[PDB]
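# Okay, structure incoming, though there's no sequence with it:
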Ligand SMILES: [Cl-]
């Protein structure tokens with residue numbers, strides 16, 4: 001279970017501190033003190049994915065937070081979350097959340 005895997009939770013905390021300019025997987029591993037292979041094994045075992053893909057999920061969730069709370073353009077938000085084009089940001093966002101960034105912002109005020 002992830003909370004009982006301190007190395008994995010450490011890596012995730014480090015990733016959370018580096019969203020706009022994300023660390024390479026190798027750099028996460030160096031800073032947490034495991035090999036790259038070991039870091040990959042942790043992510044595969046305790047989260048079910050690879051570190052780079054979890055990092056993308058994290059950056060997409062920060063983007064969702066910005067879509068719900070700012071008037072920053074779609075382009076601005078994509079750049080702030082490490083994306084390098086609008087089409088790349090919006091397409092990956094839509095694949096992940098099954099709505100577009102524009103739809104997420106339109107729906108931010110949903111009162112439940
Ligand atoms: Cl950041």
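Great, that's in hand. Numbers count the residues shown, from 1 in each chain.

# Show me what residue of the protein gets nearest to the ion.
Nearest residue of the chain to the ion (Cβ to the ion) works out as residue 19 at 3.9 Å. Using the backbone N, CA and C atoms, a C-beta is placed for each residue, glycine as well.

# Tell me the residues of this structure that contact the ion?
19, 20 (Cβ under 5 Å from the ion).

# Please, where are all the helices along the chain?
Using DSSP state H, the helices of the chain run over 6-16, 25-32, 36-46, 51-69, 74-80, 86-97, 101-106.

# which secondary structure elements does the fifth one contact?
If I follow you right, that is helix 74-80. In this structure, helix 74-80 makes packing contacts with helix 51-69, helix 86-97, helix 101-106, judged by 3 or more Cβ pairs under 8 Å, 6 or more residues apart in numbering; DSSP states H and E.

# Closest to the centroid, which residue in this structure?
In the chain, the C-alpha nearest the mean C-alpha coordinate belongs to residue 58, at 1.8 Å (Cα atoms, centre = their mean).

# is it true that that residue touches residue 16?
Yes. Residue 58 is within contact range of residue 16, at 6.5 Å (criterion: Cβ atoms under 8 Å).

# how close does the spatially closest residue to residue 89 that is not a sequence neighbour sit to residue 110?
Using Cβ to Cβ, 6 or more residues apart in numbering and skipping residues adjacent in sequence, the residue nearest residue 89 is residue 78, 3.1 Å away. Per Cβ to Cβ, to the nearest Å, residue 78 is found 23 Å from residue 110.

# Looking at those two, which one has more neighbours?
residue 78 (24 against 7; other Cβ atoms under 10 Å).

# From residue 3, how far off is the more buried one?
32 Å.

# Okay, buried residues for stretch 22-33 please.
22, 23, 25, 28, 29, 32 (16 or more other Cβ atoms under 10 Å).

# need the contact list for the last one.
Just to be clear, that refers to residue 32. Residue 32 sits next to 7, 10, 11, 14, 39 when contact means Cβ atoms under 8 Å, 6 or more residues apart in numbering.

# could you redo the last one with a cut-off of 10 Å?
6, 7, 8, 9, 10, 11, 12, 13, 14, 38, 39, 42 (Cβ atoms under 10 Å, 6 or more residues apart in numbering).
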